[PDB]
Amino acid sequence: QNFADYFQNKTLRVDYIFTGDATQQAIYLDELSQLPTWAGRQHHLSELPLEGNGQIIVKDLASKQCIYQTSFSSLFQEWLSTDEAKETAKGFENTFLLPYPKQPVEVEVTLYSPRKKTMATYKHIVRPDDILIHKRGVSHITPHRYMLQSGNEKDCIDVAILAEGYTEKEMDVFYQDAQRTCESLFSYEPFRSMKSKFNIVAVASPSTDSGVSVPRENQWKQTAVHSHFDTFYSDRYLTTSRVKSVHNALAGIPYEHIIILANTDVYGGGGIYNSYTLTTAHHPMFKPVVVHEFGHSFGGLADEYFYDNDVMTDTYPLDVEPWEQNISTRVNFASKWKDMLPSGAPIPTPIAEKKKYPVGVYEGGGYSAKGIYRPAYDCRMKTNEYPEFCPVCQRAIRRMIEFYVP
């Protein structure tokens, strides 16, 4: 499929509202926007690199031929397993980028459960001549600086680093934090060997207040992307549900993936597949932590630690193969790293034999000590203190990069 067959070199941005509670879910359209260029895929348009927990399928309206596919996970889907979702139905902002069509399209959004069951589905027609498609990124483009520029937006993976909780007086600190992000990311394989496949842009989005909101301390701050601690009443969980403010700050700058830096030294943050990474820039463990989160948001990798996470409730049924590439329930292991496991390797791999098996079937991962397996004894997806991604995480990241750019 040639890009120019159905698409223009512009972006069709779609803002949705993901709604529901523990019993029901529904999707609604908020607004359509246009970005002046298309920073995404030129190839593999009608395929997915990963299933994700959510998908967007674009079909040509006249023929119903599938012409674009993208997958993701969302903060909304984490919220659905919290105590609040049992009693109060809520709406969540969710933004996705699609190539701008030459002709009318049918856009279909689907949300899936941890058992791969359809939770909610939504179909809408987009007509490219619609005057209410909000044009963006043509004026007041946020001041920005390229930290790494390997090539144009068509040939490279565009990553945007966005300032959260930095006033105009603190932008030199932010740009230094963006340099540190770039230096940390490209110190890890396969990012290190595939550095020429990436563009890194630092976006100096100003905040009225220095720092970020801490609701439990009654510290409400006015910031660029309105992030806050106490997400789902988990003290150190720093997130933003103001996704439109994130994408509005980035309009006009080519971007595919987002890293949000919060101007604080306390611990916290997280990353979600094709959502964003958000972490505290001045915490001592920033360098390995931002890369662990990018493992989720860009790599779509799972946590390999087997201790319970606060915001992650009943995430992996043991009778279902996870869609994440670096963990397995041994339901469909041949779809995972069976092809990288040496002949005659014991399953599970005994921990005493870890030096013999850099690639094994180690019991424990995805927040469970039993029934879930990880590919190595340790990895950056397991601990912040281990030096690198395990070989299976590295292959998965190489596949993500090869999928997105030739």
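Start at 1 with the first residue shown and count on from there.
### Task
Between 207-215 and 94-102, point out the one with the higher average CA B-factor as the PDB entry records it.
94-102 has the higher mean C-alpha B-factor.
#### Entry: Comparing 168-176 with 313-321, the one whose average Cα B-factor in the PDB entry is higher
Higher mean C-alpha B-factor in the PDB entry: 313-321.
### Member of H226, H134, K287, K244 with the greatest C-alpha B factor (per the PDB record)
Checking the PDB record, the top C-alpha B-factor among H226, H134, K287, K244 is at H134.
### Largest Cα B-factor, entry values, listed residues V361, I372, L50, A352
Top of the list by C-alpha B-factor: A352.
### Query
In terms of the chain's CA B-factor thirds, is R380 lowest, middle or highest?
It falls in the bottom third of the chain.
### Query
Taking the entry's C-alpha B-factors for this chain, is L12 in the lowest, middle or highest third?
Its C-alpha B-factor belongs to the highest third of this chain's values.
### Message
Split into thirds by Cα B-factor across the chain's modelled residues, where does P128 land: lowest, middle or highest?
### Response
Within its chain, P128 is a highest-third residue by C-alpha B-factor, going by the deposited values.
### Message
Please say which third, lowest, middle or highest, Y307 falls into when its CA temperature factor is compared across its chain.
### Response
It belongs to the highest third of the chain when residues are ordered by C-alpha B-factor.
### Record-listed C-alpha B factor of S81: chain third
Middle third.
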